[PDB]
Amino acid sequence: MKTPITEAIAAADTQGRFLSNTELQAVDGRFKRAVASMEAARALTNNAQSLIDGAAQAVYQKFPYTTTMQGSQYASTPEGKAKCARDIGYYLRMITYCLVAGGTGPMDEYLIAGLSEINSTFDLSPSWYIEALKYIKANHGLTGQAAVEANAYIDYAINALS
């Protein structure tokens, strides 16, 4: 799974050599940045429910036809509304994992891979999820580098959907 540490090891291993200072500095960078990353991760987790609830409504507001149109791929029924909230929660959870791991690995493996195939097969619009991610970014309440950290992974998800 892609993290600064596994990436350092992968590089040395492909070259069949021991880790060098080149790789150790990378890991130190990761250890130092962890402070900001963890602050972001804890905040998003602590406030997960309100962010998810708010994000879902932000989508329904931007795309009203998602609350009334007939079809299982819309939120027009209790079940659809549950699937939607679940999905948004998956994105938020992935963002916190990336912050914890210090890399995109978790989101790359559990969510982005196959993402296009899923949205196409189940008739889910990427635009819906981008709106939810924009809501989380605008309202996570973080500042400074913790914000930079959170936004980097939120924007990473947005780009994966674009």
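Each residue number is its position in the shown sequence, starting from 1.
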item: Average Cα temperature factor in the PDB entry - higher stretch of 143 to 151, 6 to 14; value: 6 to 14
item: Mean temperature factor over C-alpha atoms, higher-scoring stretch between 88 to 96 and 67 to 75; value: 67 to 75
item: Options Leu133, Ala26, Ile52, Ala58 - largest CA temperature factor per the record; value: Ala26
item: Candidate residues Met107, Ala48, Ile118, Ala36, the one whose C-alpha B factor the record puts highest; value: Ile118
